Structure formats: C-alpha cells, structure tokens
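Asker: Dumping the structure here so I can ask a few things about it.
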Ligand SMILES: Nc1ncnc2c1ncn2[C@@H]1O[C@H](COP(=O)(O)OP(=O)(O)O)[C@@H](O)[C@H]1O
Ligand SMILES: [Mg+2]
C-alpha cells in the first residue's frame, strides 16, 4: 500500500513502486505525510504534485497511496471558518499546535467532530420512503443567517431505514440510514466530494436577476447577474481587491466564498478583523457578516502547487451551498496566480509550453472552472433554486491585457470590468475604464429594470452616449485646444466631467460611499441626465436667436445647481434613509427647472 | 581640549566597564563549566548506531 | 539533534555551469547543504536543488571554477541551511554567507532557524493598525507607512534612493503624539554604497541596534539570493521570539532578481518576461511576505525593499511583480531629481495599501484622508494641464487651469522639497496640505465634503 520517493525537483516529487496508482489520487509523501496528488504515470513510477514544501524530503521516503482523489468535506461547520488551500481550518491548527506558523504535514479534520449540532429532520420521511440524490432530510442551525440543509450526496439513493429524531448530534454520528439492493449506507452530516468533479444539477437556467454591487459604476453601466461570470484584470494598485471586498461586504447574495489564491497575507487578516464588525439586518435584528461568509487562504508565500487546490476547493464549496437553495457569489482574487502555479509545475514536468510559457491546457482549466457558475434548478425532490457567480481577478503583467490568462479569461467570462492604471494613479476609484468594459447581461436584465424602475434603461443609454461622445471629442480637443468646439459640445464635455467625478468614482472607505443603494444611483443619475437635456435644449433653442446661451452663461447663472449635483454623493444612506434621499433629489430637479426658467 | 579629555576618560570607563563584564562572564561560566563538560562528553561517548530510516529490507 | 556521522563523497559525476552533479549518494535529501573541498584546499558550499535515485544536483554558492571531477571531496550536512541566530547579532556586520566580517567571532547561536522560513498562519496574523512617522511629508501625508507594512521605494540608477533609506533609518518614529532594530541587507552594491550606510549608521549613534549583511558587486552572484533570507531570518527571531520591533531594508532588489535570473537560465527553467523565471513571483513572495505583526506578540517587521527600475520602466517584471506583492510603493523619479528636489518623491504613481487604516480619528487627525485625496486630485490635474499647455500655449488657459499650475508649482517646493535633515510631523504635513489646498475655491475641492471644508478651509 506504499510506494517510495525516487526524486524531488521542488513542488514535483517522483515516486516508484506505485504500479497500481491512478492519476489524481491523493498520496502522503514523506515521514511528515505531506499531501500530494498524482499527475503522471510512467510505468510503475508516479509523478506527484505536492501541496506542501518538499524541503527535507529524502529519496526512499514512504509514499502512502490513498484511493480517494483530492476532495473536500462538506457539512455543518464551514460558515465563519477560514481554511487553507486544501481545506485544513486555520483556527483549529492555531488552537491545537499553539504555533503562529502552519506546520507541514498537519492532519486535521476539516469539520470539527466535537460540536453537538442542533438537527431537525424534514418530518416528511418515514421508514420505507424512497429518497434520491440531493434530497434534504434535515436542517442544522449553524447560525441565525444560514440554515444548513443536510442533503443526500449525489450518486446515492435508496429506501430510508432510519432517520435520527430531532436532537443534538455531532458529525461522527449516524443521521440517515438508507439501503438500495442489500447494500446499506450509513450517513452523517458530512459528505465528501472530489473537488475536480462538477456537482450535477437538474437544469442550468438563464441568469435573469442582478447581482447587487455596492458601486455606481460596475452596476449602472456594466451589470453582473446571479450566476454570471466576470473578470477584473486590474494592474497593481487598480483597486480590484477593494472591488472584491466591496462586493463581498454589500451585496444581495446569501453566501460568499472568498478565495485568496496567491493573495498578500495581510488581505486575509484584513477580512478577519473587519468583517465581524459589519452588520446586516435579517428580520429587525442586527447580525454579523461572518455568519454568512467563508474564506480560503492560500497566500502568495505558501506552496505554489496549493494554488490549484485552493481554486477548486473554493468553487466546490460554492456548489455545495448552491445545491441548498442559496445564491452564492464566490470570488477568487487572482486567477493569474493559479495559472502561474500551472506554469511552474509544467516547467518542472518538462512539458512543452504554449503561449508565453503557459501550458497548452491553460484554457481548458479556466473554461471548466468558470462554467461551474450559473443559476440552476438543483437536484433533489424539494425543488431548490440557486446560483454560483464567479468574480475573478486577473493580474496581467504591466497592465497589458495581452497575456494568455487575460486573453483566455476574456473569451470565457461574460462581463468584463476592465480597470485602468492611469485612473488609479489619479485615485479615480474604482479605476474602471468604461471604454473597454462591457456586460453581455444588459439584455437579460432589461426585463427586470422595466419591472421595477423603467427610467433606468434610457438613463443608462444616455449616460453611455455622453461618455463616448466626450472620448470622441477628447481625441481632437488635445490637438485643437478647445477652439473649434460648439456650445453643444462644450456642454457634453463638462457634463461628462460631472458624471466622471461625481458618479463613476466613489470612496469606498467613507460612511456614504461604502455602499450605494441602487435607488440612489439611478436617482442621482436621473438628475445628471435631466441637467444634460435641459442644458442642451437651452442652447439648441437659442443658438439661432438674438442671444445664445453659451456654457459660460449657464455656468455662472446655475453655479449653485452644479455644486448641488456634485454634492448628491454625500447622502449617508445609513443615517439618511431612502425617503430623505429621494425627496432631496426631487428638490434638486425642481431647483434646476426653476433656474432654467429664469435663464431661458 | 575638554572634549578630548572626556572622550579619553569616557574610553577609560568603556575599558573599565568591559573588564567588569569580562570578569563577570568568566566568574559565571566557572560555576557551570564542569556540568556542561559532563553533559557534552556523555553525548560523545554514547554512540547510538542506527540504520537510515529509509533502508528497505 | 543529528548524532550520526555525515558522509563524504568523491563521486562527482560531472559539472554543468554552476551545478555539480554527484552520483552514488546514499538517500539524497532535497534542499540539503553540501560542503565541498577543491583539490587546492579551497572550501565551498552548495545546496541540493534536485535528487533522483542515487544522483543529486548541487548548486555551488562561491562558484564552480576550479571544481574537479576526480579529486573533489563533498560532504552532506544532513539538513537544510539552518542558520545560527542570536540576539547579540545587532551591532555585528556579516557577509552574504552569514559569516562575520567585523573581526568579531562567529555567531554563538541561541537557536538554529530554517533560512527558508515558514508561512505565518493568516488566522493569527494581525492586521497593522499603527502608523510610523517617517518625517517626510511626501510619505507621511499622502502615502503613510504602517508598522508591519511592506513599502519599497521604486528608484532608478543615479537617484538618491540610498540617501532616502538612510534618512528613514534615523527619523522614523511614531505619530502617537521608540527604537527600531534595523537589519540592512546590502547586496549587489559597490564598496562606497555599503560604506555610506555603515558610516551613516555609526554617525546616527545607533549602530548597536543595526545588523548588516553585505554582499558586494565583486562577491559571488549565488549568495545574493540568500542574503535577504539571512536578514529576514534574523528579523524573525528578533521580532517574533524576542518581541523587538525590526525595520528590514533590502538594497536594490533588482540585484536579487538578476542573480535569480542567472540561476533560472542555468537550470533551464521556464521564462516569463525579460528572461526571468516564471516562478519569480512566488520566490519574491517568500522574501517579501516575511513581514507584519502577529497576534499575541509585541514585535513587528516592517520592510522597505528598495529596488532600481531598469530604464525607468515601471512595467519591468521586477517593479511589476513587487508592486503586486507589497502594499504599494514610494517611487522616486528623475524629473524631480533633475531639478534638485530632495527627496525626489513623485506621489502620483504611488500608493499605500495600509494607509486607509493608518490615517484619521484615533491615529493622526480626522481630516487626514480628505487632505490626501484632494492633494492627489489637484496634483494630477496640474500635471494634465502642463500636458495641455505644452501644445496650446499659456494664452489658451483659463483661470480654472492656472490655479492648478499655481498649486503644482507650490506643491512641489512646499510639500515634497524638504532636505536630508528636515523632519516634519504628520500634523505639520497636513497643515501644509491645507495651505496649498486653500489656493482653490471651495467648489473645486470636490474630494472633500463640506463637513470638513467648513472647519479647516477657513484657516
Ligand atoms: N473602490 C475604491 N475606493 C476607495 N479606495 C480604493 C478603491 N480601490 C482602491 N482603493 C485604494 O487604492 C488601493 C489599491 O487597491 P488594491 O485593491 O490594494 O489594489 P490591487 O488592484 O492591486 O488589488 C487600496 O488599498 C485603497 O487605498
Ligand atoms: Mg489584490
């Protein structure tokens, strides 16, 4: 049942006497029992990808062959917890080893077996009942936010022979006993699923509901949807991590799985410190955010091979909660660090590289990762509906969107949130380019917007036309010097500035811009567009008369309106609620109309 | 001139403080030297033969 | 401990570049250190970068010139490069191999630590929430330094990045209105640079709290990629075992990257950009991420990994991959230096990721964040106006544009220009900020809410 180490080249270990080993089986390499996964088979020798540092591993060290593939434990005890790249809890390691460093070769259960969970059965099953994969036969109260559904694993079925009455049970007990054909299966609350296999669904459905983001841009102009996939290929300093944190903090998702794959160590500590201090009311009660989030840490200075396991563990966790009827919006803040791991391993493997040193199958890995997103009808008789969204960062070198990872990613994801380093240098955050970005879900959400708002869509269109027209003018204005501009064009240029400075950018570290409720975004946009139309009309109706209302006349006459419009961001939605904000915006519209009547 | 004399005698204090520390160090280790020799010599005399953990058969 | 005698081999199979390949080795261990003696008595060391069966590939630190095939004698230590560390390393000067060069004795270890180190458990890592007062307005105001932050200075050949680092070493304090142990890795530099820092540390009267590691331009290029780890390993001992606050400065990190690139080429590893290894990022993270505070212990490590940007190319892999790992950068340039501005720090392309937590009520002054953001807006716009005026002429500008040129001109001489020994407080820096911001009318200060302008703007 053992092999022996033949050689070590770093993250790749070669072992012998493993004739019966299959690809993508787990192994334990070394006397510390380091976790690895078999990549290649050459005769009776196996090539092992090891997720822990191989320093100190000797030729001749035993290799334990484990039949089970890389897998994740799924059950109660996930929410609020932080895991490493292979599903080992960091709070349990630190509480058991008393160290500040993560030891190598730690064999710790993913989900604690000491906690006595409060379990209630569905009350609809009886002995002799027929249960199928995905069925829920009880719920565990992890906390007040997420109700943890105990599902029958996929590829399992049979007749019920015993169901645990309501009471206190731990993860080592038996909750459900079922039999199929003589063979009997005893299940606890924890199921095991290979992280490289896609959990099966009844039907993949179109995404027809917004994924609310606490941002003005990245929502009004480039919507994301529940179940959709997007990329943020920002250069260093562009603030893509802050966008990811903002989406996690303030969104309409039920569960967030945050994967720090190659991320700075300070970022995961930042989350653990800040998140417990955030609030999200449930039913009149104030609750912490961490009860509905979970996160995986595989930091930049951790084993590079573990970056692949981290990504697959994250999405597998996301699917698990998707199956329970929750909307999941996971985000892996790197992607490039995963592809980088693939390159380093491919090098050690002496494989023939493709574009820029990356493996030829880079696109294959990204395609199969992102396609696990989507709104689905779940397996299981209870007819759940869920989703997994994926918001993945990319780190193109130099900010040049030409590398194989950015290029392949853009061919897969349906929403492109491109960031511009030259906007970040100006602290124009979020640094969204708004010229190269796009969202392919605009048509999907048009029905939603008409149902709840109506006014939003024509405002979105006019805003894009103004910003695009300003860019078309900026190209020539740089050369002309604003000498040949018509008065109708100067209005576009200055209103476009108004939009850029007050609407597209917001300071996510303030009490007023940390979250931007949609009604506020469309409210203040309506005012900005209403100004555009009234100001453009004012000159269009007077240019041929005996006095033309040039920009300098409206600018001096309505300077107070331009200041009020710029102040619309400083509304503090937590202190001043919807009623005051809408009434305030209505007053600005009246002030504009009255000033225009006195002008024209 | 005042500064040079101060530096001179400041150096004398440095030299005098150093001699104090060196003699104190010698006085301390003289109380443990014999115990350390016994512990170290035992570890040398205790051979402890062993076969490499990875030797097969 | 390791009681078994170590084995000595004369079984060298062959030599290929910097790599000496041995055969007939008993149970080779990966990443173990080998000591070898040349036929002429020269002693050298190297590390096993690959094992396979009875073979092992040793990368020799000093070099492979003079390595024989029949008379070369090698012995395997049986462990990884664990290095002796002690508290009294402060005040000592070492070479890039960890040996003393100050005519003192070898290190009398309190323990032996793995030079590769271990990753700090992110659950016990505590997010930095204290600010360091560098005394430089260009930093303390608009790009604050936190204790536990990683902030390199991006520089270019010929710029005074050595003077800025030296200045920071002496006038780095706290804004709580403190003696930092400095570990300085001088690698890939000439004698005059190393002597400059060594002399400055003595001139500052702080040498008893400074540990130096020197690896000069005329020293082996392979030792240049362990010197940072030697510095950081000592820093980790001091910070996390003895609760001493440590400031670690790594000199031109580009000499690290170039030394690594040479190793990457020698080992035929997969290149990424500009010939650097595809794993350059991972290797840099091993160096950079050895920083920050740890919950339950009163120490910290702050890093300033200054680096030279080849050809002032901010997208060069060295500053690029560093920019992805560290919490921003200070960035100096030639446009300021060529005008005799010191320190020549250009705030526009700079940032501090931990700065947002560091500023404000309970840390410095409540208007800190507002002053910084508006100064960035006004400075960047002034630069945009210069780009315009260079073509259209001064006559094409209006009063809204001239104000930004007035700000830009006054900003660089009042805010950035200081001098090697000008030590300003963070509060004085903000006061200066307001003096410059008050150039504009309230309506143009669009990054600051009226709830702040009404209190501070009138003065
Ligand atoms: N949306 C934002 N709102 C406010 N400040 C931001 C925003 N995005 C970025 N920043 C600022 O700029 C810094 C850079 O963002 P960060 O996410 O660290 O960059 P990266 O793109 O490298 O992940 C942040 O630490 C913060 O100070
Ligand atoms: Mg980031």
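Chains as they are written, first to last, in the entry's author numbering: chain C, 17 to 616; chain O, 60 to 116; chain F, 39 to 215, 225 to 506.
Here a beta-carbon is modelled for each residue, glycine too, at the ideal position from N, C-alpha and C.
#1: Are the C-beta atoms of residue 25/C and some chain O residue less than 8 Å apart?
#2: Compute the Euclidean distance between the alpha carbons of residue 289/F and residue 81/O, then round it to the nearest angstrom.
#3: Does the segment 55-63 of chain C come into contact with the segment 105-115 of chain C, if we say contact requires no fewer than three beta-carbon pairs (one atom in each stretch) closer than 8 Å?
#4: Starting from residue 258/F and walking both ways along the alpha helix (DSSP H), at which residues does that stretch end?
#5: Assuming residue 391/C is part of the alpha helix (DSSP H), what are its boundary residues?
#6: Rounded to whole angstroms, what is the Cα-Cα separation between residue 595/C and residue 512/C?
#7: For the alpha helix (DSSP H) containing residue 123/C, list its first residue and its last residue.
#8: Using a beta-carbon distance below 8 Å, is residue 19/C in contact with chain O?
#9: Taking a cut of 7 Å between CB atoms, which residues from the segment 52-84 of chain F lie near chain C?
#10: Say the cut is 7 Å; is the CB of residue 256/C nearer than that to a heavy atom of ligand 2?
#11: Residue 113/O CB to nearest chain F CB: under 8 Å?
#12: Below 7 Å, is the gap between the Cβ of residue 578/F and the nearest heavy atom of ligand 2?
#13: For residue 171/C, does the count of other Cβ atoms within 10 angstroms reach 16, so buried, or fall short, so exposed?
#14: According to DSSP, simplified to helix, strand and coil, what is residue 27/C?
#15: I'd like to confirm something about residue 445/C: is its beta-carbon nearer than 7 Å to some heavy atom of ligand 1, or not?
#16: Ligand 2 heavy atoms versus the CB of residue 336/F: any closer than 7 Å?
#17: Whose C-beta lies closer than 7 Å to the C-beta of residue 483/C among residues of the same chain, with five residues either side of it excluded?
#18: What do you reckon, is the C-beta of residue 279/C under 7 Å from a heavy atom of ligand 2?
#19: Please classify residue 254/F as buried or exposed, where buried requires at least 16 neighbouring CB atoms within 10 angstroms.
#20: Along the beta strand (DSSP E) that carries residue 248/F, what are the first and last residues, could you check?
#21: So residue 85/O contacts chain F; which residues on that side make the cut at Cβ distance below 9 Å?
#22: Given a threshold of 16 other Cβ atoms within 10 Å of its Cβ, counted over all protein chains shown, does residue 452/C qualify as buried or as exposed?
#23: Below 8 Å on the Cβ atoms is my guess for residue 190/C versus residue 175/C; work out the distance and round it to an integer in Å.
#24: How about residue 76/C: is its C-beta nearer than 8 Å to some C-beta of chain O?
#25: Does residue 107/O come within less than 8 Å of chain F when only Cβ atoms are used?
#26: Does residue 384/F come out as helix, strand or coil in the three-state DSSP assignment?
#27: Can you tell me the Cβ-Cβ gap for residue 244/C and residue 431/C, rounded? I've got them flagged as a contact below 8 Å.
#28: Given that residue 313/C touches chain F, what residues does it touch there, using C-beta distances under 7 Å?
#29: Taking 7 Å as the line, does the beta carbon of residue 565/C fall inside it for any heavy atom of ligand 1?
#30: From the DSSP secondary-structure annotation, give me the bridge partner or partners of residue 32/C.
#31: Let me check understanding here. Comparing Cα to Cα, which of 284/F, 422/F, 310/F, 308/F lies closest to residue 116/C?
#32: Following a CB-centred definition, is residue 437/C positioned closer than 7 Å to any heavy atom of ligand 1?
#33: For residue 417/C, decide whether its Cβ has a neighbour in chain F, counting only Cβ atoms nearer than 8 Å.
#34: Taking its Cβ as the centre, do 16 or more other Cβ atoms sit within 10 Å of residue 169/F, making it buried, or is it exposed?
#35: Assign residue 45/F to one of two classes, buried (16 or more other C-beta atoms within 10 Å of its C-beta) or exposed (fewer than that).
#36: For residue 92/F, which residues in chain O fall below 7 Å Cβ to Cβ?
Answerer: Taking the geometry as given:
#1: Taking the first chain and counting its residues from 1, the one referred to as residue 25/C is at position 9. For residue 25/C, the answer is no, since every Cβ of chain O falls outside 8 Å of its Cβ.
#2: Your numbering for residue 289/F matches position 242 in the third chain. Your numbering for residue 81/O matches position 22 in the second chain. Approximately 24 Å, taken between the alpha carbons.
#3: no
#4: The residue given as residue 258/F occupies position 211 in the third chain. That residue, residue 258/F, is in no alpha helix (DSSP H); its beta strand (DSSP E) goes 257-263.
#5: As a working note, residue 391/C is residue 375 in the first chain. Per DSSP, residue 391/C belongs to no alpha helix (DSSP H); it is in the beta strand (DSSP E), 390-393.
#6: Here the question's residue 595/C lines up with position 579 in the first chain. Here the question's residue 512/C lines up with position 496 in the first chain. Spanning the two alpha carbons is a distance of roughly 28 Å.
#7: Here residue 123/C corresponds to residue number 107 of the first chain, with the count starting at 1. From DSSP, residue 123/C is part of no alpha helix (DSSP H); its letter is neither H nor E.
#8: Position 3 of the first chain, counted from the start, is the residue given in the question as residue 19/C. So, not an interface residue.
#9: 65, 66, 67, 68, 69
#10: Here the question's residue 256/C lines up with position 240 in the first chain. Yes.
#11: Locating residue 113/O in the second chain gives position 54, counting from the first residue. Yes, its Cβ sits closer than 8 Å to a Cβ of chain F.
#12: Outside the modelled stretch of chain F, which goes from 39 to 506, sits residue 578/F, for which no answer is possible.
#13: On the first chain, position 155 is the one that residue 171/C refers to. Exposed, since its Cβ has fewer than 16 Cβ neighbours within 10 Å.
#14: Here the question's residue 27/C lines up with position 11 in the first chain. Of the three classes helix, strand and coil, the one that applies to residue 27/C here is coil, per DSSP.
#15: The residue given as residue 445/C occupies position 429 in the first chain. For ligand 1, at least one heavy atom lies less than 7 Å from the Cβ of residue 445/C.
#16: Within the third chain, residue 336/F is the residue found at index 289, counting from 1. Answer for residue 336/F: no, Cβ out of range of ligand 2.
#17: By one-based count along the first chain, residue 483/C stands at place 467. So the list reads 450, 512, 515, once near-sequence residues are dropped.
#18: Looking up residue 279/C in the first chain gives position 263. Yes, the beta carbon of residue 279/C sits closer than 7 Å to at least one heavy atom of ligand 2.
#19: Within the third chain, numbered from 1, the residue matching residue 254/F stands at position 207. Burial call: buried.
#20: For the purposes of this step, residue 248/F is taken as residue 201 along the third chain, with counting starting at 1. That residue, residue 248/F, is in no beta strand (DSSP E); its alpha helix (DSSP H) goes 238-250.
#21: By 1-based counting over the second chain, the position of residue 85/O is 26. Neighbours of residue 85/O on chain F: none; closest Cβ ~15 Å, over 9 Å.
#22: Here the question's residue 452/C lines up with position 436 in the first chain. Looking at its Cβ environment, which holds fewer than 16 other Cβ atoms inside 10 Å, residue 452/C is exposed.
#23: Position 174 of the first chain, counting from 1, holds the residue named residue 190/C. Position 159 of the first chain, counting from 1, holds the residue named residue 175/C. Incorrect: roughly 16 Å between the Cβ atoms, too far for contact.
#24: The sequence position of residue 76/C within the first chain is 60, counting from 1. Judged by the 8 Å Cβ criterion, residue 76/C is in contact with chain O.
#25: Within the second chain, residue 107/O is the residue found at index 48, counting from 1. For residue 107/O, the answer is yes, since a Cβ of chain F falls inside 8 Å of its Cβ.
#26: Along the third chain, one-based indexing puts residue 384/F at 337. Residue state, collapsed to three classes: helix.
#27: For the purposes of this step, residue 244/C is identified with residue 228 of the first chain, where counting begins at 1. For the purposes of this step, residue 431/C is identified with residue 415 of the first chain, where counting begins at 1. Confirmed, Cβ separation roughly 6 Å.
#28: Reading the first chain from its first residue, position 297 is the one you call residue 313/C. Under the 7 Å cutoff, chain F gives 160.
#29: Your numbering for residue 565/C matches position 549 in the first chain. No, since every heavy atom of ligand 1 falls outside the 7 Å radius drawn around the Cβ of residue 565/C.
#30: Here residue 32/C corresponds to residue number 16 of the first chain, with the count starting at 1. The partner list for residue 32/C (beta bridge, DSSP) reads 20/C.
#31: In the first chain, counting from the first residue as 1, residue 116/C sits at position 100. It is 284/F.
#32: Looking up residue 437/C in the first chain gives position 421. Outside the cutoff, so no.
#33: For this step, residue 417/C is matched to residue 401 along the first chain. No, no contact with chain F.
#34: Position 131 of the third chain holds residue 169/F. Flag for residue 169/F reads buried.
#35: On the third chain, residue 45/F is found 7 positions in, with the first residue counted as 1. Exposed, since its Cβ has fewer than 16 Cβ neighbours within 10 Å.
#36: In the third chain, counting from the first residue as 1, residue 92/F sits at position 54. By Cβ distance, chain O contributes nothing, its closest Cβ being about 13 Å from residue 92/F, past 7 Å.
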